[PDB]
Amino acid sequence: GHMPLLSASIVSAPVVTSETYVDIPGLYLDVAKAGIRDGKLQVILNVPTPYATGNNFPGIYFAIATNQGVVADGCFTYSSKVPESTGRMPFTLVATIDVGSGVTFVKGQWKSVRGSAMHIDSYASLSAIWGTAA
Amino acid sequence: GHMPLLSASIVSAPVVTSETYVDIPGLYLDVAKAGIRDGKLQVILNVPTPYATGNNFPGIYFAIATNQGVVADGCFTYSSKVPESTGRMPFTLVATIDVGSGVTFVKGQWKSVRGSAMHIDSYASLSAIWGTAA
Amino acid sequence: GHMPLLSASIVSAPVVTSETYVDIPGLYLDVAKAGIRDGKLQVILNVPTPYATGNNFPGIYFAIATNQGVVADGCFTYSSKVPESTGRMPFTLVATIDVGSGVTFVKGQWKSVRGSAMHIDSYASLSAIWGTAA
Ligand SMILES: CC(=O)N[C@H]1[C@H](O[C@H]2[C@@H](O)[C@@H](CO)O[C@H](O[C@@H]3[C@H](O)[C@@H](O)[C@H](O)O[C@@H]3CO)[C@@H]2O)O[C@H](CO)[C@H](O)[C@@H]1O[C@@H]1O[C@H](CO)[C@H](O)[C@H](O)[C@H]1O[C@@H]1O[C@@H](C)[C@@H](O)[C@@H](O)[C@@H]1O
Ligand SMILES: CC(=O)N[C@H]1[C@H](O[C@H]2[C@@H](O)[C@@H](CO)O[C@H](O[C@@H]3[C@H](O)[C@@H](O)[C@H](O)O[C@@H]3CO)[C@@H]2O)O[C@H](CO)[C@H](O)[C@@H]1O[C@@H]1O[C@H](CO)[C@H](O)[C@H](O)[C@H]1O[C@@H]1O[C@@H](C)[C@@H](O)[C@@H](O)[C@@H]1O
Ligand SMILES: CC(=O)N[C@H]1[C@H](O[C@@H]2[C@@H](O)[C@@H](O)O[C@H](CO)[C@@H]2O)O[C@H](CO)[C@H](O)[C@@H]1O[C@@H]1O[C@H](CO)[C@H](O)[C@H](O)[C@H]1O[C@@H]1O[C@@H](C)[C@@H](O)[C@@H](O)[C@@H]1O
């Protein structure tokens, strides 16, 4: 159609620790397949129910990446060194990409805060709305 | 218009406890009334300042529902069994619905984590952007 | 173009305390410049990695404002009087503005919860998608 909305969603990912960004499997939008080659994409990475396990102020970094690498990043962290319980910390990240540059895909990634294990066990999404410059 | 944006917003809701999803009153989009019958809707449920009261790791589940039921859901929870103070835990949930299936409305819902009372006493919104497949 | 997306992003702001909303420098969209004069804007304020310092349940209020003042606001706050460590508390706020009113700009603002110092030291964005009424 003339006003493309892209969406991918997951309900889980294998629990891993990583010092550097690794893909969140399944949060991937094939932009080239959509025939988006010019304009802008507003991309939302929505991880509403994550938690992190660890023993030194745990948390998770998340990123929106294209084939050109990370475009935006943010994290949550707990406020106790060893939380009584690793509570659910909703996380949203929003970035606008110029597709002209040579973007063929957008994806979600994550990485450990201070050696934390990274947990998704319910709904998470990666969404993009296509538009133009003003 | 040719590029509809739907929006509903509230500033409060009666405080309730519920084991199962109940509507957040006022967070409701009448899609049929808009004449949306085909394409996709990106729906954001934005509850930026909620809190939960309770005695067993309190929190709130939130959902986006259509007439076909829940499409996505997430929660926040505290990281203490009995928080010193029930702090404000911003919550965002994003989902993309294919409208063809027979969607006439989109709404926000909530339900208790472990018997928590659910509090909204400031701005919350439900938004939707209409588009098409790629 | 015929389907504008507006975007502004920062990576930091001078740390300040403020009893009333002050601008988050750099989170500002010039809507008049875009030639948006009618329809709707869905505006997201995305502050994914903030923290607050203070000694009385710290937190930050955030707002979306136009030339007509604040349209929506929300806050995060910690659940301890003096957090062990001021953890990162992702914050998103979404609002839909009718541009006809006389809107020339949209901006993000913030203010202190109970005298908190307000910290941004990584990516934050302010985004807007243009549409029409249904
Ligand atoms: C609240 C929580 O984290 N629940 C976890 C649980 O954590 C337990 C520890 O916090 C523990 C230390 O003793 O105290 C509690 O458990 C005690 C007791 O030990 C237990 O035997 C007894 O039956 O209950 C008491 C209550 O005080 C904590 O509850 O760890 C286990 C790991 O085995 C689970 O992850 C549990 O997580 C929950 O599991 C549920 C199924 O029983 C269900 O799926 C819940 O949704 C899930 O909780 C959610 O995820 C958690 C990681 C957390 O984020 C919570 O806020 C979420 O609601
Ligand atoms: C977790 C944290 O807050 N890290 C801050 C750090 O805070 C230290 C203090 O909080 C301290 C008590 O006041 O506890 C720890 O430090 C102890 C000890 O006191 C210290 O001397 C020793 O080296 O380590 C131990 C560990 O128990 C806290 O670590 O203060 C420093 C210096 O001022 C930093 O801000 C640190 O922030 C981290 O800094 C990193 C760069 O070195 C990096 O940039 C991290 O991203 C950043 O942490 C993040 O921001 C924090 C403010 C907090 O939000 C954390 O959750 C984030 O991950
Ligand atoms: C810090 C807080 O929660 N204040 C909140 C207070 O909570 C206390 C708690 O601090 C501690 O001492 O334990 C006792 C008993 O458990 C209380 O729970 O209770 C007060 C009395 O009802 C209020 O609820 C107070 O809430 C604040 O009230 C002021 C005006 O009185 C403003 O309206 C604040 O905005 C409001 O704080 C906001 O909501 C509270 C629930 C919390 O989310 C704060 O982080 C938040 O800023």
Side-chain angles (χ1 to χ4, degrees), chain A residues 12 15 19 48-61 73-90 111-122, chain B residues 12 15 48-61 73-90 111-122, chain C residues 12 15 48-61 73-90 111-123:
Chain A
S12 62
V15 169
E19 295 296 279
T49 324
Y51 64 109
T53 63
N55 62 336
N56 191 21
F57 298 100
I60 308 179
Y61 274 104
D73 73 312
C75 84
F76 72 87
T77 57
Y78 295 114
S79 293
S80 294
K81 179 177 191 72
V82 182
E84 186 186 357
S85 153
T86 59
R88 303 310 185 110
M89 292 295 266
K111 83 177 179 191
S112 298
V113 184
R114 292 184 283 271
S116 302
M118 298 185 294
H119 299 255
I120 296 169
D121 70 0
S122 58
Chain B
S12 67
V15 170
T49 326
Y51 64 111
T53 61
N55 63 332
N56 192 16
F57 300 100
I60 307 175
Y61 273 103
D73 74 343
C75 83
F76 72 88
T77 57
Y78 295 115
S79 296
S80 294
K81 179 197 217 173
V82 189
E84 180 176 13
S85 153
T86 58
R88 306 304 184 114
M89 295 293 263
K111 86 177 178 187
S112 298
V113 184
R114 292 184 282 274
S116 303
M118 299 184 292
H119 298 257
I120 292 172
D121 71 0
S122 61
Chain C
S12 68
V15 170
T49 326
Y51 64 110
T53 61
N55 57 27
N56 191 10
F57 298 100
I60 306 177
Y61 273 105
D73 78 344
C75 79
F76 73 86
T77 55
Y78 294 116
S79 292
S80 299
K81 182 173 196 283
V82 193
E84 211 173 300
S85 151
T86 58
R88 302 309 184 111
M89 294 294 269
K111 86 175 176 188
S112 297
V113 182
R114 290 183 283 272
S116 301
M118 298 184 294
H119 299 257
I120 295 171
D121 72 0
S122 60
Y123 179 94

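Atoms considered below: every heavy atom in the structure, side chains included; atoms not considered: hydrogens, waters and symmetry mates. In what follows, chains carry the letters A, B, and so on, assigned in the order in which the sequence lines appear, proteins first and then strands, with residues in each chain numbered from 1. As the structure lists them, so they are numbered: ligands from 1, and atoms in each ligand from 1.
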If you look at every heavy atom in A:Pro90 and C:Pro90, which pair is closest and at what distance? O-CB, 3.7 Å
Within the distance-only criterion (no hydrogens, no angle test), does the side chain of A:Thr49 pair as donor or acceptor with the backbone N or O of A:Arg88 below 3.5 angstrom? no
C:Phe57 to C:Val113 - nearest heavy-atom pair and separation: O-CG1, 4.2 Å
Measure from the side-chain N and O atoms of A:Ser79 to the backbone N and O of C:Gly87, and report whether any donor-acceptor pair falls under 3.5 Å. yes
Minimum side-chain heavy-atom gap A:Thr77-C:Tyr51 below 4.5 Å: no
Donor-acceptor pair, A:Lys111 side chain versus A:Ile60 backbone, under 3.5 Å? no
When you pair each N or O of ligand 1 with protein N or O atoms, which pairs come out under 3.5 Å?
residue: ligand 1; atom: 3 (O); partner: A:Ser85; partner atom: OG; Å: 2.8
residue: ligand 1; atom: 50 (O); partner: A:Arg88; partner atom: NE; Å: 3.1
residue: ligand 1; atom: 50 (O); partner: A:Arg88; partner atom: NH2; Å: 3.0
residue: ligand 1; atom: 54 (O); partner: A:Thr86; partner atom: O; Å: 2.7
residue: ligand 1; atom: 54 (O); partner: A:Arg88; partner atom: NE; Å: 2.9
residue: ligand 1; atom: 56 (O); partner: B:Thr77; partner atom: OG1; Å: 2.6
residue: ligand 1; atom: 56 (O); partner: B:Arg114; partner atom: NH2; Å: 3.2
residue: ligand 1; atom: 58 (O); partner: B:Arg114; partner atom: NH1; Å: 3.0
residue: ligand 1; atom: 58 (O); partner: B:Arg114; partner atom: NH2; Å: 3.1

Are any protein N/O atoms closer than 3.5 Å to the N/O atoms of ligand 3? If there are, list each pair with names and the distance to one decimal place.
residue: ligand 3; atom: 3 (O); partner: B:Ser85; partner atom: OG; Å: 2.7
residue: ligand 3; atom: 39 (O); partner: B:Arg88; partner atom: NE; Å: 3.4
residue: ligand 3; atom: 39 (O); partner: B:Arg88; partner atom: NH2; Å: 3.1
residue: ligand 3; atom: 43 (O); partner: B:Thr86; partner atom: O; Å: 2.7
residue: ligand 3; atom: 43 (O); partner: B:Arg88; partner atom: NE; Å: 2.9
residue: ligand 3; atom: 45 (O); partner: C:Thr77; partner atom: OG1; Å: 2.7
residue: ligand 3; atom: 45 (O); partner: C:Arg114; partner atom: NH2; Å: 3.2
residue: ligand 3; atom: 47 (O); partner: C:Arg114; partner atom: NH1; Å: 3.0
residue: ligand 3; atom: 47 (O); partner: C:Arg114; partner atom: NH2; Å: 3.1

Any side-chain heavy atom of C:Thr86 sitting closer than 4.5 Å to one from C:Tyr78? yes
Exercise: identify the closest heavy-atom pair between A:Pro58 and A:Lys81: CD-O, 3.6 Å
Between C:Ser116 and C:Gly59 (side chain of the first, backbone of the second, donor and acceptor by atom type, cut-off under 3.5 Å), is there such a pair? yes
